[PDB]
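Below you'll find only one chain, the form deposited in one PDB entry, shown as structure tokens.
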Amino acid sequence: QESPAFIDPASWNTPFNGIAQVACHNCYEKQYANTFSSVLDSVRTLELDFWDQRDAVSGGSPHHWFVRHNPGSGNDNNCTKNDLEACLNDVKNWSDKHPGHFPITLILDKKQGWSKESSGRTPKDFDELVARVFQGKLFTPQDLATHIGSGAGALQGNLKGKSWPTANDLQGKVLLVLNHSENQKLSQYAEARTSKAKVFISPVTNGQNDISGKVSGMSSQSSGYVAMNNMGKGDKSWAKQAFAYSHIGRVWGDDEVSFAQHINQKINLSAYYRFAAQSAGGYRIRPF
């Protein structure tokens, strides 16, 4: 079991959903970290923005995605061709070098739509990439479902009143999370992959239905897989309901509010551009 100073030792025996973290915001950008791997000197939750095309309209290849902030171009990031796969391998390699690590959560913020089969960037192609890179390191929705005695398609509601595995249980694990501006893209992913999904969907959340009902922009069937919720600053009040439902809540854009205050607001993952500057009682990871 690792013991960097930033992790409160009480975290290890706490269910993952009962742990608050400082997360990065867009830490693949050169301006926020010198290398992507260096982010793991400070936090255990990272973020990658990924594009199908080299710009908005051209330059994609099968089984490949780019990492950059703007529509464009190409790859513009601090990973070790520094594409999505390369960025993911930086995490995989850090994980191999730190047996016993606190579970790593990677927010995969998708910037374009899914392709059809011919172009090699479907939900299935995405799952195949992340599985090829991480292999057995992943902890997936079905793994959580089995832990709580639920079908994966009923995580949404069956998580209420339940504990995730503890950080100790999740030593050495990687959790992948899908974001997009449009919940439709998450619904498409879940409809394609169902219980085989390698990635947790985390919809944009601005009402109770996005936690526990038919999520805005999604089918009822896809809604049932929701075990995580994504909130901008204006919607962070919903983190208390994510918490109530044992969904992992992430709040982005709220940098002028301290980690301690976010803990009090029941936010699991508080995303900061300046992640190293944040702490509470010397810690960046602690139980609520």
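From 1 onward, residues are counted along the sequence shown.
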item	value
Extent of unmodelled deposited sequence, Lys81 relative to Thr80	4 to 9
Deposited residues lacking coordinates between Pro165 and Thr166 (none, 1 to 3, 4 to 9, 10 or more)	none
115-123 or 150-158, whichever carries the higher mean Cα B-factor	115-123
Stretch with the higher entry mean CA B-factor, where the candidates are 245-253 and 33-41	33-41
Selection from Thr105, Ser187, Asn209, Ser95 [criterion: highest C-alpha temperature factor in the record]	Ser95
Identity of residue with top Cα B-factor, from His101, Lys110, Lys214, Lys198	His101
Assigned third (lowest, middle, highest) for the C-alpha B factor of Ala145	middle
Modelled-residue ranking by C-alpha temperature factor, third containing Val226	lowest
Modelled-residue ranking by C-alpha temperature factor, third containing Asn17	lowest
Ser11 CA temperature factor, ranked by third within the chain	highest
B-factor third for the C-alpha atom of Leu48 within its chain	lowest
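The following text describes the form solved in complex with a small molecule, which does not appear among the structures shown.
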property: Which of 105-113, 192-200, 89-97, 138-146 sits within 4.5 Å of the small molecule in the entry with it bound, heavy atom basis; result: 105-113
property: Residue (of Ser219, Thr35, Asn26, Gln241) lying close to the small molecule in the entry with it bound, criterion heavy atoms within 4.5 Å; result: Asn26
property: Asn179, heavy atom within 4.5 angstroms of the small molecule in the entry with it bound; result: yes
property: Partner proximity in the entry with it bound: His247 to the small molecule, non-hydrogen atom cutoff 4.5 Å; result: no
property: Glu47, heavy atom within 4.5 angstroms of the small molecule in the entry with it bound; result: yes
property: Contact test in the entry with it bound: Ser223 vs the small molecule, heavy atoms, 4.5 Å; result: no
